[PDB]
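Each residue takes its place number in the sequence, starting with 1. As a basis for the values below, the full set of heavy atoms in this structure was taken, side chains included, without hydrogen atoms, waters or symmetry mates. In each ligand, atom 1 is the first atom listed, and ligand 1 is the first ligand listed.
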Amino acid sequence: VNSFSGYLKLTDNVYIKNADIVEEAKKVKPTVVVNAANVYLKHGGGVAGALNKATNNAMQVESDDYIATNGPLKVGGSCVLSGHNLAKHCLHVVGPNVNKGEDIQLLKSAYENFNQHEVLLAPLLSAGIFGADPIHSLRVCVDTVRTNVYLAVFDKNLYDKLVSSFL
Ligand SMILES: O=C1CCCN1Nc1cc(Nc2ccc3[nH]ncc3c2)ncn1
């Protein structure tokens, strides 16, 4: 039993809700919140911009030190950093950005990072400003993640379409 409330159950392990991931994180304080990161951990917009804003830019400060030490992430890769005031940990995961020409096959590799964590709050990878089809992202999530994932979808219209089209 966990504190996630109001989710629709899609499969044994995947749950979905129309919610602002920022507000959801502040309420549950999950062990892991997933960020829709880029390889430079530049949290300018989309989910990342919103999460970072909620940390008063502390996420960005921490991320800049991470990059200075380690260099950029790989597309499809991840790193674990602090969750600041939102969660114990933030799993920064880089899905492919279609608006940069990146290979959509890397979306499966991106979701594989979730399997290293028993329970996660997450957005749909490569959705929004990353330019992928969210219906496809949900399909890859369900077919790749085996741990317990609670998906937050900001747009109500999109949430309803994802549910109504789910196989
Ligand atoms: O819906 C999708 C599909 C893929 C990415 N994506 N976005 C989100 C957004 C979100 N929260 C949010 C929304 C608007 C905001 N403005 N300022 C802060 C802030 C926070 N929570 C979950 N997914």
- prompt: Can the ring centroids of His43 and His92 be said to lie less than 6.0 angstrom from one another?
  reply: yes
field: 4.0 Å heavy-atom contact, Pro134 with ligand 1
entry: no
field: Which residue and heavy atom of the protein sit nearest atom 20 (C) of ligand 1, plus the separation
entry: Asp20 OD1, 2.9 Å
- request: Taking only heavy atoms of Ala19 into account, list the atoms of ligand 1 that are under 4.0 Å away from them.
  value: 21 (N), 22 (C)
query: For ligand 1, which atoms, with element, lie under 4.0 Å from some heavy atom of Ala50?
result: 18 (C), 19 (C), 20 (C)
task: Report the C-alpha separation of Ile135 and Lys161 in whole Å, then their side-chain angles, then the decisive distance to 0.1 Å, and conclude whether the side chain to side chain contact (heavy atoms under 4.5 Å, CB included) test is met.
output: CA-CA 8 Å; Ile135 295 175; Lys161 178 189 191 131; 3.6 Å; yes
statement: Per-atom filter on ligand 1: closer than 4.0 angstrom to a heavy atom of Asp155 are 1 (O)
task: Please report the shortest heavy-atom distance between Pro96 and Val75, naming the atom on each side.
output: CA-CG1, 3.8 Å
N/O donor-acceptor pair under 3.5 Å between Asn38 side chain and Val94 backbone: no
message: Please state which option from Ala127, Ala25, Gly49 has its nearest heavy atom closest to atom 4 (C) of ligand 1.
response: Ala127
message: For ligand 1, which is the ligand I care about here, please tell me if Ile21 has any N or O atom under 3.5 Å from one of the ligand's N or O atoms.
response: yes
- prompt: Cluster question for you: counting only ILVMFWY and a side-chain heavy-atom cut-off of under 4.5 Å, with indirect links fine, are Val153 and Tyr7 together?
  reply: no
statement: among protein heavy atoms, the one nearest atom 6 (N) of ligand 1 is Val47 CG2, 4.1 Å
- prompt: What are the two closest non-hydrogen atoms of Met59 and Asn52, and how far apart are they?
  reply: CB-OD1, 3.3 Å
message: With respect to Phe154, determine whether any N or O atom, backbone or side chain, lies less than 3.5 Å from an N or O atom of ligand 1.
response: yes
message: Yes or no, since that's all I need: does a protein heavy atom fall within a distance strictly under 4.0 Å of atom 1 (O) of ligand 1?
response: yes
- prompt: Considering only heavy atoms of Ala152, which atoms of ligand 1 have at least one such atom less than 4.0 Å away?
  reply: 22 (C), 23 (N)
Side chain to side chain contact (heavy atoms under 4.5 Å, CB included) assessment of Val22 paired with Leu51: CA-CA 6 Å; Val22 171; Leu51 290 172; 3.9 Å; yes
message: As a test of understanding, state which of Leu121, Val34, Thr31, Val33 forms a side-chain contact (heavy atoms from CB on, under 4.5 Å) with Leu91.
response: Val34
- request: Could you tell me which atoms of ligand 1, counted from 1 in the order shown, lie closer than 4.0 angstrom to a heavy atom of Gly128?
  value: 4 (C)
